[PDB]
$ cat protein33.txt   # compact mmCIF, N, CA and C atoms and all ligand atoms
# COMPACT_ATOMS: atom_id res chain seq x y z
N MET A 13 9.37 7.62 50.82
CA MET A 13 9.35 7.91 52.28
C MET A 13 9.00 9.36 52.60
N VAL A 14 7.89 9.55 53.32
CA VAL A 14 7.44 10.88 53.71
C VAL A 14 6.98 10.85 55.16
N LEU A 15 7.03 12.01 55.80
CA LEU A 15 6.56 12.15 57.19
C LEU A 15 5.03 12.26 57.18
N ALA A 16 4.35 11.56 58.11
CA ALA A 16 2.86 11.71 58.26
C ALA A 16 2.04 11.53 56.97
N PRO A 17 2.18 10.41 56.26
CA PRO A 17 1.42 10.25 55.01
C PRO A 17 -0.08 10.13 55.31
N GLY A 18 -0.91 10.77 54.51
CA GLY A 18 -2.39 10.71 54.66
C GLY A 18 -3.02 9.74 53.69
N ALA A 19 -2.25 9.07 52.88
CA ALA A 19 -2.83 8.19 51.82
C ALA A 19 -2.11 6.87 51.88
N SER A 20 -2.32 6.21 52.97
CA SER A 20 -1.54 5.07 53.33
C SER A 20 -2.37 3.81 53.45
N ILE A 21 -3.49 3.91 54.14
CA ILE A 21 -4.32 2.77 54.57
C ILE A 21 -5.71 2.92 53.91
N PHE A 22 -6.29 1.80 53.45
CA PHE A 22 -7.66 1.80 53.07
C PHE A 22 -8.50 1.11 54.13
N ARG A 23 -9.58 1.74 54.53
CA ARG A 23 -10.53 1.20 55.47
C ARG A 23 -11.89 1.04 54.83
N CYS A 24 -12.76 0.20 55.39
CA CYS A 24 -14.13 0.11 54.95
C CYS A 24 -14.81 1.45 55.13
N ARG A 25 -15.41 1.97 54.06
CA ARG A 25 -16.10 3.26 54.13
C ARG A 25 -17.25 3.31 55.08
N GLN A 26 -17.87 2.14 55.30
CA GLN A 26 -19.07 2.11 56.16
C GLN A 26 -18.74 2.00 57.61
N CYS A 27 -17.62 1.44 58.03
CA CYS A 27 -17.37 1.19 59.44
C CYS A 27 -15.99 1.44 59.91
N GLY A 28 -15.00 1.60 59.02
CA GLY A 28 -13.67 1.80 59.48
C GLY A 28 -12.71 0.65 59.64
N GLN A 29 -13.23 -0.58 59.41
CA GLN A 29 -12.36 -1.75 59.45
C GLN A 29 -11.11 -1.55 58.57
N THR A 30 -9.93 -1.91 59.08
CA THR A 30 -8.72 -1.86 58.24
C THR A 30 -8.81 -2.93 57.16
N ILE A 31 -8.59 -2.57 55.90
CA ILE A 31 -8.74 -3.51 54.76
C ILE A 31 -7.43 -3.66 53.98
N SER A 32 -6.81 -2.59 53.50
CA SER A 32 -5.60 -2.77 52.71
C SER A 32 -4.73 -1.53 52.77
N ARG A 33 -3.73 -1.46 51.91
CA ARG A 33 -2.72 -0.40 51.97
C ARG A 33 -2.38 0.00 50.59
N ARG A 34 -2.06 1.26 50.36
CA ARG A 34 -1.63 1.67 49.04
C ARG A 34 -0.36 0.92 48.55
N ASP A 35 0.50 0.58 49.50
CA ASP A 35 1.72 -0.15 49.14
C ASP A 35 1.41 -1.50 48.52
N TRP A 36 0.18 -2.01 48.74
CA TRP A 36 -0.17 -3.33 48.27
C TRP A 36 -0.98 -3.28 46.98
N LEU A 37 -1.09 -2.15 46.33
CA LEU A 37 -1.71 -2.10 45.02
C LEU A 37 -0.94 -2.99 44.02
N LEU A 38 -1.68 -3.68 43.15
CA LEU A 38 -1.12 -4.68 42.26
C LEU A 38 -1.50 -4.35 40.83
N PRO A 39 -0.55 -4.06 39.96
CA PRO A 39 -0.90 -3.74 38.58
C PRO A 39 -1.17 -4.92 37.66
N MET A 40 -2.32 -5.51 37.77
CA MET A 40 -2.78 -6.65 36.97
C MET A 40 -2.97 -6.24 35.54
N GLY A 41 -2.35 -6.94 34.60
CA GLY A 41 -2.43 -6.52 33.22
C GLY A 41 -1.93 -5.12 32.98
N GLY A 42 -1.00 -4.62 33.82
CA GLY A 42 -0.44 -3.29 33.69
C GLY A 42 -1.14 -2.12 34.38
N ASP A 43 -2.23 -2.38 35.07
CA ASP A 43 -2.96 -1.28 35.74
C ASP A 43 -3.55 -1.83 36.98
N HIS A 44 -3.48 -1.11 38.08
CA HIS A 44 -4.18 -1.55 39.28
C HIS A 44 -5.68 -1.30 39.21
N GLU A 45 -6.13 -0.44 38.33
CA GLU A 45 -7.54 -0.15 38.15
C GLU A 45 -8.12 -0.86 36.95
N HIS A 46 -9.23 -1.58 37.18
CA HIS A 46 -9.97 -2.30 36.16
C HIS A 46 -11.44 -1.92 36.24
N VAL A 47 -12.02 -1.43 35.14
CA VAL A 47 -13.39 -0.97 35.13
C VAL A 47 -14.21 -2.05 34.44
N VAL A 48 -15.18 -2.59 35.13
CA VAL A 48 -15.85 -3.83 34.80
C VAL A 48 -17.34 -3.70 35.05
N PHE A 49 -18.16 -4.58 34.44
CA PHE A 49 -19.54 -4.70 34.85
C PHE A 49 -19.97 -6.10 35.07
N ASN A 50 -20.92 -6.32 35.95
CA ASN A 50 -21.45 -7.65 36.24
C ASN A 50 -22.72 -7.95 35.40
N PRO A 51 -23.28 -9.15 35.54
CA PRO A 51 -24.47 -9.52 34.76
C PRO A 51 -25.69 -8.70 35.09
N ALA A 52 -25.72 -8.04 36.23
CA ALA A 52 -26.81 -7.14 36.60
C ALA A 52 -26.55 -5.73 36.07
N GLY A 53 -25.51 -5.55 35.29
CA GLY A 53 -25.18 -4.23 34.70
C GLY A 53 -24.48 -3.24 35.60
N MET A 54 -24.11 -3.63 36.79
CA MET A 54 -23.45 -2.69 37.72
C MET A 54 -22.02 -2.53 37.27
N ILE A 55 -21.56 -1.27 37.16
CA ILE A 55 -20.19 -0.89 36.85
C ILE A 55 -19.39 -0.72 38.14
N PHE A 56 -18.19 -1.30 38.15
CA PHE A 56 -17.30 -1.24 39.35
C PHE A 56 -15.94 -0.74 38.88
N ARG A 57 -15.39 0.21 39.67
CA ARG A 57 -14.01 0.62 39.49
C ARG A 57 -13.25 -0.23 40.52
N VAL A 58 -12.61 -1.27 40.03
CA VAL A 58 -11.97 -2.28 40.87
C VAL A 58 -10.49 -1.90 40.94
N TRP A 59 -10.01 -1.84 42.19
CA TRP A 59 -8.56 -1.70 42.42
C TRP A 59 -8.06 -3.06 42.85
N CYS A 60 -6.97 -3.51 42.26
CA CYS A 60 -6.37 -4.80 42.58
C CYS A 60 -5.30 -4.59 43.63
N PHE A 61 -5.31 -5.46 44.63
CA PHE A 61 -4.37 -5.46 45.74
C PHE A 61 -3.81 -6.84 45.89
N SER A 62 -2.50 -6.92 46.20
CA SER A 62 -1.89 -8.23 46.47
C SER A 62 -2.42 -8.89 47.70
N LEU A 63 -2.79 -8.06 48.69
CA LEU A 63 -3.10 -8.48 50.04
C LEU A 63 -4.18 -7.56 50.55
N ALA A 64 -4.95 -8.10 51.42
CA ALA A 64 -6.00 -7.40 52.19
C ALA A 64 -6.27 -8.15 53.41
N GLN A 65 -6.87 -7.48 54.38
CA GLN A 65 -7.21 -8.00 55.69
C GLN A 65 -8.59 -7.52 56.05
N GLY A 66 -9.15 -8.03 57.13
CA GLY A 66 -10.39 -7.54 57.65
C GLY A 66 -11.61 -7.89 56.87
N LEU A 67 -11.50 -8.78 55.90
CA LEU A 67 -12.61 -9.20 55.09
C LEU A 67 -13.12 -10.52 55.58
N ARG A 68 -14.28 -10.95 55.08
CA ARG A 68 -14.77 -12.31 55.21
C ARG A 68 -15.07 -12.78 53.83
N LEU A 69 -14.45 -13.90 53.44
CA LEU A 69 -14.65 -14.47 52.09
C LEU A 69 -15.75 -15.47 52.15
N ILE A 70 -16.79 -15.34 51.31
CA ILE A 70 -18.01 -16.08 51.43
C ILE A 70 -18.13 -17.15 50.36
N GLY A 71 -18.41 -18.37 50.81
CA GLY A 71 -18.60 -19.44 49.86
C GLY A 71 -17.35 -20.00 49.26
N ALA A 72 -17.56 -20.78 48.21
CA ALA A 72 -16.54 -21.44 47.46
C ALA A 72 -16.34 -20.66 46.11
N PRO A 73 -15.16 -20.83 45.51
CA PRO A 73 -14.83 -20.07 44.34
C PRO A 73 -15.64 -20.41 43.14
N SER A 74 -15.84 -19.48 42.23
CA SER A 74 -16.49 -19.68 40.97
C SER A 74 -15.73 -19.03 39.86
N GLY A 75 -15.62 -19.67 38.71
CA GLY A 75 -15.07 -19.02 37.53
C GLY A 75 -16.05 -18.24 36.68
N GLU A 76 -17.33 -18.33 36.99
CA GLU A 76 -18.37 -17.75 36.14
C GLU A 76 -18.21 -16.25 36.06
N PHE A 77 -18.24 -15.69 34.86
CA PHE A 77 -18.22 -14.27 34.60
C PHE A 77 -16.93 -13.62 35.13
N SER A 78 -15.86 -14.39 35.42
CA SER A 78 -14.69 -13.76 35.97
C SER A 78 -14.10 -12.71 35.05
N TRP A 79 -13.78 -11.56 35.63
CA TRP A 79 -13.19 -10.43 34.93
C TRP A 79 -11.71 -10.66 34.68
N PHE A 80 -11.10 -11.66 35.29
CA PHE A 80 -9.67 -11.85 35.24
C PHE A 80 -9.40 -13.27 34.78
N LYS A 81 -8.82 -13.39 33.59
CA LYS A 81 -8.70 -14.71 32.99
C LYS A 81 -7.85 -15.64 33.82
N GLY A 82 -8.41 -16.84 34.06
CA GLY A 82 -7.70 -17.85 34.82
C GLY A 82 -7.96 -17.81 36.30
N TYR A 83 -8.75 -16.82 36.76
CA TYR A 83 -9.04 -16.73 38.19
C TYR A 83 -10.49 -17.02 38.49
N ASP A 84 -10.70 -17.65 39.63
CA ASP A 84 -12.01 -17.93 40.18
C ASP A 84 -12.18 -16.95 41.32
N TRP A 85 -13.40 -16.60 41.65
CA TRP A 85 -13.67 -15.52 42.66
C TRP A 85 -14.54 -16.03 43.79
N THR A 86 -14.38 -15.34 44.93
CA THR A 86 -15.28 -15.45 46.06
C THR A 86 -15.62 -14.04 46.46
N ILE A 87 -16.85 -13.84 46.86
CA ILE A 87 -17.27 -12.51 47.36
C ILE A 87 -16.50 -12.19 48.63
N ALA A 88 -16.07 -10.94 48.74
CA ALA A 88 -15.36 -10.44 49.93
C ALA A 88 -16.20 -9.39 50.59
N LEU A 89 -16.69 -9.68 51.79
CA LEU A 89 -17.41 -8.69 52.61
C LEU A 89 -16.47 -8.10 53.61
N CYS A 90 -16.76 -6.88 54.03
CA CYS A 90 -16.16 -6.36 55.26
C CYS A 90 -16.44 -7.33 56.37
N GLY A 91 -15.38 -7.79 57.07
CA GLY A 91 -15.58 -8.72 58.14
C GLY A 91 -16.23 -8.15 59.34
N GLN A 92 -16.26 -6.84 59.48
CA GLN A 92 -16.84 -6.17 60.62
C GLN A 92 -18.32 -5.90 60.32
N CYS A 93 -18.60 -5.16 59.25
CA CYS A 93 -20.01 -4.69 59.03
C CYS A 93 -20.77 -5.42 57.91
N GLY A 94 -20.08 -6.25 57.11
CA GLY A 94 -20.79 -6.99 56.08
C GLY A 94 -20.93 -6.30 54.76
N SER A 95 -20.46 -5.09 54.62
CA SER A 95 -20.48 -4.32 53.36
C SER A 95 -19.75 -5.14 52.28
N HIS A 96 -20.32 -5.17 51.06
CA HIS A 96 -19.64 -5.88 49.99
C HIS A 96 -18.51 -5.05 49.43
N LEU A 97 -17.26 -5.38 49.72
CA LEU A 97 -16.13 -4.62 49.33
C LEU A 97 -15.46 -5.06 48.08
N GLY A 98 -15.69 -6.30 47.64
CA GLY A 98 -15.11 -6.75 46.37
C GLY A 98 -15.06 -8.24 46.31
N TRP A 99 -13.95 -8.79 45.80
CA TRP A 99 -13.83 -10.23 45.56
C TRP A 99 -12.39 -10.63 45.84
N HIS A 100 -12.26 -11.88 46.24
CA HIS A 100 -10.94 -12.50 46.27
C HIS A 100 -10.82 -13.44 45.08
N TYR A 101 -9.69 -13.35 44.40
CA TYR A 101 -9.44 -14.18 43.21
C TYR A 101 -8.35 -15.20 43.54
N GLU A 102 -8.56 -16.41 43.06
CA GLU A 102 -7.61 -17.50 43.32
C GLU A 102 -7.64 -18.43 42.10
N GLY A 103 -6.69 -19.33 42.13
CA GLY A 103 -6.67 -20.37 41.12
C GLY A 103 -5.91 -20.06 39.85
N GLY A 104 -5.31 -18.89 39.81
CA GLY A 104 -4.64 -18.41 38.61
C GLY A 104 -3.14 -18.53 38.69
N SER A 105 -2.47 -17.62 37.95
CA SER A 105 -1.01 -17.69 37.79
C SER A 105 -0.40 -16.30 37.81
N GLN A 106 0.63 -16.16 38.65
CA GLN A 106 1.46 -14.96 38.68
C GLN A 106 0.65 -13.65 38.79
N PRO A 107 -0.06 -13.45 39.91
CA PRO A 107 -0.04 -14.27 41.08
C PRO A 107 -1.13 -15.34 41.09
N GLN A 108 -0.98 -16.29 41.99
CA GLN A 108 -2.04 -17.27 42.12
C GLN A 108 -3.36 -16.62 42.66
N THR A 109 -3.21 -15.63 43.53
CA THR A 109 -4.29 -14.99 44.21
C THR A 109 -4.12 -13.48 44.29
N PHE A 110 -5.23 -12.77 44.38
CA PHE A 110 -5.20 -11.31 44.70
C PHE A 110 -6.63 -10.89 45.08
N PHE A 111 -6.76 -9.62 45.47
CA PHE A 111 -8.06 -9.04 45.79
C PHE A 111 -8.43 -7.98 44.78
N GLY A 112 -9.69 -7.96 44.36
CA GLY A 112 -10.23 -6.85 43.57
C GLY A 112 -11.27 -6.15 44.40
N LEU A 113 -10.94 -4.95 44.87
CA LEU A 113 -11.79 -4.23 45.81
C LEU A 113 -12.40 -3.02 45.08
N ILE A 114 -13.61 -2.69 45.44
CA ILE A 114 -14.39 -1.62 44.84
C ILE A 114 -13.95 -0.28 45.45
N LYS A 115 -13.32 0.56 44.65
CA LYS A 115 -12.61 1.72 45.13
C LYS A 115 -13.47 2.63 45.97
N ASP A 116 -14.68 2.91 45.49
CA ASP A 116 -15.59 3.84 46.15
C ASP A 116 -16.24 3.30 47.40
N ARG A 117 -15.96 2.05 47.76
CA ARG A 117 -16.42 1.46 49.00
C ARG A 117 -15.39 1.48 50.07
N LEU A 118 -14.22 2.06 49.79
CA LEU A 118 -13.09 2.17 50.75
C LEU A 118 -12.88 3.64 51.04
N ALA A 119 -12.33 3.92 52.21
CA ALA A 119 -11.82 5.28 52.57
C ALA A 119 -10.32 5.21 52.74
N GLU A 120 -9.57 6.16 52.19
CA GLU A 120 -8.14 6.16 52.27
C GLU A 120 -7.68 7.20 53.29
N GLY A 121 -6.62 6.87 54.01
CA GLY A 121 -6.21 7.77 55.10
C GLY A 121 -4.88 7.35 55.68
N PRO A 122 -4.51 8.04 56.74
CA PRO A 122 -3.21 7.83 57.35
C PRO A 122 -3.04 6.48 58.02
N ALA A 123 -1.81 6.03 58.19
CA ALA A 123 -1.43 4.72 58.78
C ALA A 123 -1.84 4.41 60.24
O1 LIG A 201 -15.12 -11.41 38.39
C1 LIG A 201 -16.27 -11.31 38.75
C2 LIG A 201 -16.75 -11.25 40.18
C3 LIG A 201 -18.18 -11.66 40.39
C4 LIG A 201 -18.98 -10.69 39.59
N1 LIG A 201 -20.41 -10.94 39.67
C5 LIG A 201 -21.34 -10.11 40.19
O2 LIG A 201 -20.99 -8.99 40.62
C6 LIG A 201 -22.63 -10.61 40.02
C7 LIG A 201 -23.87 -10.11 40.36
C8 LIG A 201 -24.96 -10.91 40.06
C9 LIG A 201 -24.84 -12.17 39.47
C10 LIG A 201 -23.58 -12.67 39.14
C11 LIG A 201 -22.51 -11.87 39.42
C12 LIG A 201 -21.14 -11.96 39.26
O3 LIG A 201 -20.51 -13.05 38.63
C13 LIG A 201 -18.58 -10.77 38.12
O4 LIG A 201 -19.41 -10.50 37.23
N2 LIG A 201 -17.29 -11.11 37.81
ZN ZN A 202 -17.26 -2.31 57.15

$ encode --input "protein33.txt" --output "structure tokens"
Amino acid sequence: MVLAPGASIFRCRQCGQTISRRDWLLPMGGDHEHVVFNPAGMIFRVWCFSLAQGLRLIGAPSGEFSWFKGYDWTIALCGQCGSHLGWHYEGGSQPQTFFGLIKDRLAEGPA
């Protein structure tokens, strides 16, 4: 508990949409940060969150190339501007669901 925290809320870097909160960071496999690459070779510093808002989840889930064993993913866009912010994971265990958001696509700031 601190007065006037500046590192409280994550917003979409491109538009400001409210997306998540530092309090909702989730240490999957012991770390909230997972460094991964996709089939196109892009490297992502993914932060895992229990909860997020302000996104639009696109399509139906897929297990293909999943970075997290037992989870299927859907692309998560900023619901306001369409920026690709990460993925929603579902279908797994403990937790059943979570979000993996691309750290450098978010801005962190006060509540
Ligand atoms: O857990 C995941 C999320 C989806 C992510 N992914 C991508 O970022 C991607 C880009 C191009 C073609 C196919 C994929 C893909 O499966 C990926 O590689 N693993
Ligand atoms: Zn946005």

$ closest_atom_pairs --input "protein33.txt" --of "chain A" --to "ligand ZN 202 (chain A)" --cutoff "5 Å" --atoms "all atoms listed in the file" --output "Markdown table"
| residue | atom | partner | partner_atom | distance |
| --- | --- | --- | --- | --- |
| A:24 | CA | A:ZN202 | ZN | 4.5 |
| A:26 | C | A:ZN202 | ZN | 4.6 |
| A:27 | N | A:ZN202 | ZN | 3.9 |
| A:28 | N | A:ZN202 | ZN | 4.9 |
| A:29 | N | A:ZN202 | ZN | 4.9 |
| A:90 | CA | A:ZN202 | ZN | 4.6 |
| A:92 | C | A:ZN202 | ZN | 4.9 |
| A:93 | N | A:ZN202 | ZN | 3.8 |
| A:94 | N | A:ZN202 | ZN | 4.8 |
| A:95 | N | A:ZN202 | ZN | 4.9 |

$ write_last_selection --input "protein33.txt" --atoms "N, CA and C atoms" --output "compact mmCIF listing (two decimals), keeping the file's coordinate frame"
# COMPACT_ATOMS: atom_id res chain seq x y z
N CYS A 24 -12.76 0.20 55.39
CA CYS A 24 -14.13 0.11 54.95
C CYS A 24 -14.81 1.45 55.13
N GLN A 26 -17.87 2.14 55.30
CA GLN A 26 -19.07 2.11 56.16
C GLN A 26 -18.74 2.00 57.61
N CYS A 27 -17.62 1.44 58.03
CA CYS A 27 -17.37 1.19 59.44
C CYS A 27 -15.99 1.44 59.91
N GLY A 28 -15.00 1.60 59.02
CA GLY A 28 -13.67 1.80 59.48
C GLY A 28 -12.71 0.65 59.64
N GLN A 29 -13.23 -0.58 59.41
CA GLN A 29 -12.36 -1.75 59.45
C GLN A 29 -11.11 -1.55 58.57
N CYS A 90 -16.76 -6.88 54.03
CA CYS A 90 -16.16 -6.36 55.26
C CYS A 90 -16.44 -7.33 56.37
N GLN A 92 -16.26 -6.84 59.48
CA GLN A 92 -16.84 -6.17 60.62
C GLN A 92 -18.32 -5.90 60.32
N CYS A 93 -18.60 -5.16 59.25
CA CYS A 93 -20.01 -4.69 59.03
C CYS A 93 -20.77 -5.42 57.91
N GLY A 94 -20.08 -6.25 57.11
CA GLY A 94 -20.79 -6.99 56.08
C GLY A 94 -20.93 -6.30 54.76
N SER A 95 -20.46 -5.09 54.62
CA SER A 95 -20.48 -4.32 53.36
C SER A 95 -19.75 -5.14 52.28

$ residues_near_ligand --input "protein33.txt" --ligand "ligand LIG 201 (chain A)" --cutoff "12 Å" --atoms "only C-alpha atoms and all ligand atoms" --output "ChimeraX atom specification"
/A:46-58,60,70,73-88,96-102,110-114

$ select_by_dssp --input "protein33.txt" --residues "chain A" --states "helix (DSSP H, G or I)" --output "PyMOL selection string"
chain A and resi 34-36+40-42+115-117

$ residues_near_point --input "protein33.txt" --point "(-15.8, 4.5, 50.2)" --cutoff "5 Å" --atoms "all atoms listed in the file" --output "list in words"
residues 25, 116, 117, 118 and 119 of chain A

$ atom_distance --input "protein33.txt" --atom1 "atom C of residue 32 in chain A" --atom2 "atom N of residue 69 in chain A"
15.7 Å

$ residues_around --input "protein33.txt" --residues "residue 16 in chain A" --least-positions-apart "2" --cutoff "7 Å" --atoms "all atoms listed in the file" --output "ChimeraX atom specification"
/A:14,18-19,122-123

$ write_last_selection --input "protein33.txt" --atoms "N, CA and C atoms" --output "JSON list (two decimals), in the coordinates of the input"
[["chain", "number", "residue", "atom", "x", "y", "z"],
["A", 14, "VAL", "N", 7.89, 9.55, 53.32],
["A", 14, "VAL", "CA", 7.44, 10.88, 53.71],
["A", 14, "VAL", "C", 6.98, 10.85, 55.16],
["A", 18, "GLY", "N", -0.91, 10.77, 54.51],
["A", 18, "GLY", "CA", -2.39, 10.71, 54.66],
["A", 18, "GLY", "C", -3.02, 9.74, 53.69],
["A", 19, "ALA", "N", -2.25, 9.07, 52.88],
["A", 19, "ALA", "CA", -2.83, 8.19, 51.82],
["A", 19, "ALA", "C", -2.11, 6.87, 51.88],
["A", 122, "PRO", "N", -4.51, 8.04, 56.74],
["A", 122, "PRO", "CA", -3.21, 7.83, 57.35],
["A", 122, "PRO", "C", -3.04, 6.48, 58.02],
["A", 123, "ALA", "N", -1.81, 6.03, 58.19],
["A", 123, "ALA", "CA", -1.43, 4.72, 58.78],
["A", 123, "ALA", "C", -1.84, 4.41, 60.24]]

$ atom_distance --input "protein33.txt" --atom1 "atom C of residue 38 in chain A" --atom2 "atom N of residue 64 in chain A"
11.8 Å

$ atom_distance --input "protein33.txt" --atom1 "atom C of residue 45 in chain A" --atom2 "CA of residue 71 in chain A"
24.9 Å

$ select_by_dssp --input "protein33.txt" --residues "chain A" --states "strand (DSSP E or B)" --output "compact mmCIF listing (two decimals) with N, CA and C atoms, in the frame of the given file"
# COMPACT_ATOMS: atom_id res chain seq x y z
N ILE A 21 -3.49 3.91 54.14
CA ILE A 21 -4.32 2.77 54.57
C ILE A 21 -5.71 2.92 53.91
N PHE A 22 -6.29 1.80 53.45
CA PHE A 22 -7.66 1.80 53.07
C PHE A 22 -8.50 1.11 54.13
N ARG A 23 -9.58 1.74 54.53
CA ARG A 23 -10.53 1.20 55.47
C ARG A 23 -11.89 1.04 54.83
N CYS A 24 -12.76 0.20 55.39
CA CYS A 24 -14.13 0.11 54.95
C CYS A 24 -14.81 1.45 55.13
N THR A 30 -9.93 -1.91 59.08
CA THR A 30 -8.72 -1.86 58.24
C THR A 30 -8.81 -2.93 57.16
N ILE A 31 -8.59 -2.57 55.90
CA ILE A 31 -8.74 -3.51 54.76
C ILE A 31 -7.43 -3.66 53.98
N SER A 32 -6.81 -2.59 53.50
CA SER A 32 -5.60 -2.77 52.71
C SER A 32 -4.73 -1.53 52.77
N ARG A 33 -3.73 -1.46 51.91
CA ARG A 33 -2.72 -0.40 51.97
C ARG A 33 -2.38 0.00 50.59
N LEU A 37 -1.09 -2.15 46.33
CA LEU A 37 -1.71 -2.10 45.02
C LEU A 37 -0.94 -2.99 44.02
N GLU A 45 -6.13 -0.44 38.33
CA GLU A 45 -7.54 -0.15 38.15
C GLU A 45 -8.12 -0.86 36.95
N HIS A 46 -9.23 -1.58 37.18
CA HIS A 46 -9.97 -2.30 36.16
C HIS A 46 -11.44 -1.92 36.24
N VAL A 47 -12.02 -1.43 35.14
CA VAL A 47 -13.39 -0.97 35.13
C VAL A 47 -14.21 -2.05 34.44
N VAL A 48 -15.18 -2.59 35.13
CA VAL A 48 -15.85 -3.83 34.80
C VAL A 48 -17.34 -3.70 35.05
N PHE A 49 -18.16 -4.58 34.44
CA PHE A 49 -19.54 -4.70 34.85
C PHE A 49 -19.97 -6.10 35.07
N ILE A 55 -21.56 -1.27 37.16
CA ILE A 55 -20.19 -0.89 36.85
C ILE A 55 -19.39 -0.72 38.14
N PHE A 56 -18.19 -1.30 38.15
CA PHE A 56 -17.30 -1.24 39.35
C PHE A 56 -15.94 -0.74 38.88
N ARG A 57 -15.39 0.21 39.67
CA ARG A 57 -14.01 0.62 39.49
C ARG A 57 -13.25 -0.23 40.52
N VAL A 58 -12.61 -1.27 40.03
CA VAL A 58 -11.97 -2.28 40.87
C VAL A 58 -10.49 -1.90 40.94
N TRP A 59 -10.01 -1.84 42.19
CA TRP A 59 -8.56 -1.70 42.42
C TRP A 59 -8.06 -3.06 42.85
N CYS A 60 -6.97 -3.51 42.26
CA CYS A 60 -6.37 -4.80 42.58
C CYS A 60 -5.30 -4.59 43.63
N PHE A 61 -5.31 -5.46 44.63
CA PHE A 61 -4.37 -5.46 45.74
C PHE A 61 -3.81 -6.84 45.89
N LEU A 67 -11.50 -8.78 55.90
CA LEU A 67 -12.61 -9.20 55.09
C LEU A 67 -13.12 -10.52 55.58
N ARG A 68 -14.28 -10.95 55.08
CA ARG A 68 -14.77 -12.31 55.21
C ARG A 68 -15.07 -12.78 53.83
N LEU A 69 -14.45 -13.90 53.44
CA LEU A 69 -14.65 -14.47 52.09
C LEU A 69 -15.75 -15.47 52.15
N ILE A 70 -16.79 -15.34 51.31
CA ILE A 70 -18.01 -16.08 51.43
C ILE A 70 -18.13 -17.15 50.36
N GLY A 71 -18.41 -18.37 50.81
CA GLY A 71 -18.60 -19.44 49.86
C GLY A 71 -17.35 -20.00 49.26
N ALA A 72 -17.56 -20.78 48.21
CA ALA A 72 -16.54 -21.44 47.46
C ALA A 72 -16.34 -20.66 46.11
N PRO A 73 -15.16 -20.83 45.51
CA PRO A 73 -14.83 -20.07 44.34
C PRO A 73 -15.64 -20.41 43.14
N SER A 74 -15.84 -19.48 42.23
CA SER A 74 -16.49 -19.68 40.97
C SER A 74 -15.73 -19.03 39.86
N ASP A 84 -10.70 -17.65 39.63
CA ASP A 84 -12.01 -17.93 40.18
C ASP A 84 -12.18 -16.95 41.32
N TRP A 85 -13.40 -16.60 41.65
CA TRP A 85 -13.67 -15.52 42.66
C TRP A 85 -14.54 -16.03 43.79
N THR A 86 -14.38 -15.34 44.93
CA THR A 86 -15.28 -15.45 46.06
C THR A 86 -15.62 -14.04 46.46
N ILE A 87 -16.85 -13.84 46.86
CA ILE A 87 -17.27 -12.51 47.36
C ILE A 87 -16.50 -12.19 48.63
N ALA A 88 -16.07 -10.94 48.74
CA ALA A 88 -15.36 -10.44 49.93
C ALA A 88 -16.20 -9.39 50.59
N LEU A 89 -16.69 -9.68 51.79
CA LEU A 89 -17.41 -8.69 52.61
C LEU A 89 -16.47 -8.10 53.61
N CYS A 90 -16.76 -6.88 54.03
CA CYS A 90 -16.16 -6.36 55.26
C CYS A 90 -16.44 -7.33 56.37
N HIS A 96 -20.32 -5.17 51.06
CA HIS A 96 -19.64 -5.88 49.99
C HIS A 96 -18.51 -5.05 49.43
N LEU A 97 -17.26 -5.38 49.72
CA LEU A 97 -16.13 -4.62 49.33
C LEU A 97 -15.46 -5.06 48.08
N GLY A 98 -15.69 -6.30 47.64
CA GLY A 98 -15.11 -6.75 46.37
C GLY A 98 -15.06 -8.24 46.31
N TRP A 99 -13.95 -8.79 45.80
CA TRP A 99 -13.83 -10.23 45.56
C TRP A 99 -12.39 -10.63 45.84
N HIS A 100 -12.26 -11.88 46.24
CA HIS A 100 -10.94 -12.50 46.27
C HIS A 100 -10.82 -13.44 45.08
N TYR A 101 -9.69 -13.35 44.40
CA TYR A 101 -9.44 -14.18 43.21
C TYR A 101 -8.35 -15.20 43.54
N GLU A 102 -8.56 -16.41 43.06
CA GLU A 102 -7.61 -17.50 43.32
C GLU A 102 -7.64 -18.43 42.10
N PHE A 110 -5.23 -12.77 44.38
CA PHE A 110 -5.20 -11.31 44.70
C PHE A 110 -6.63 -10.89 45.08
N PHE A 111 -6.76 -9.62 45.47
CA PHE A 111 -8.06 -9.04 45.79
C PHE A 111 -8.43 -7.98 44.78
N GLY A 112 -9.69 -7.96 44.36
CA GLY A 112 -10.23 -6.85 43.57
C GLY A 112 -11.27 -6.15 44.40
N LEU A 113 -10.94 -4.95 44.87
CA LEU A 113 -11.79 -4.23 45.81
C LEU A 113 -12.40 -3.02 45.08
N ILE A 114 -13.61 -2.69 45.44
CA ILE A 114 -14.39 -1.62 44.84
C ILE A 114 -13.95 -0.28 45.45
N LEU A 118 -14.22 2.06 49.79
CA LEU A 118 -13.09 2.17 50.75
C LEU A 118 -12.88 3.64 51.04
N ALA A 119 -12.33 3.92 52.21
CA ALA A 119 -11.82 5.28 52.57
C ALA A 119 -10.32 5.21 52.74
N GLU A 120 -9.57 6.16 52.19
CA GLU A 120 -8.14 6.16 52.27
C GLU A 120 -7.68 7.20 53.29
N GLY A 121 -6.62 6.87 54.01
CA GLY A 121 -6.21 7.77 55.10
C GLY A 121 -4.88 7.35 55.68

$ closest_residue --input "protein33.txt" --among "A:20, A:41, A:35, A:63" --to "residue 109 in chain A" --atoms "only N, CA and C atoms"
A:63

$ closest_residue --input "protein33.txt" --among "A:31, A:23, A:37, A:42" --to "residue 66 in chain A" --atoms "only N, CA and C atoms"
A:31
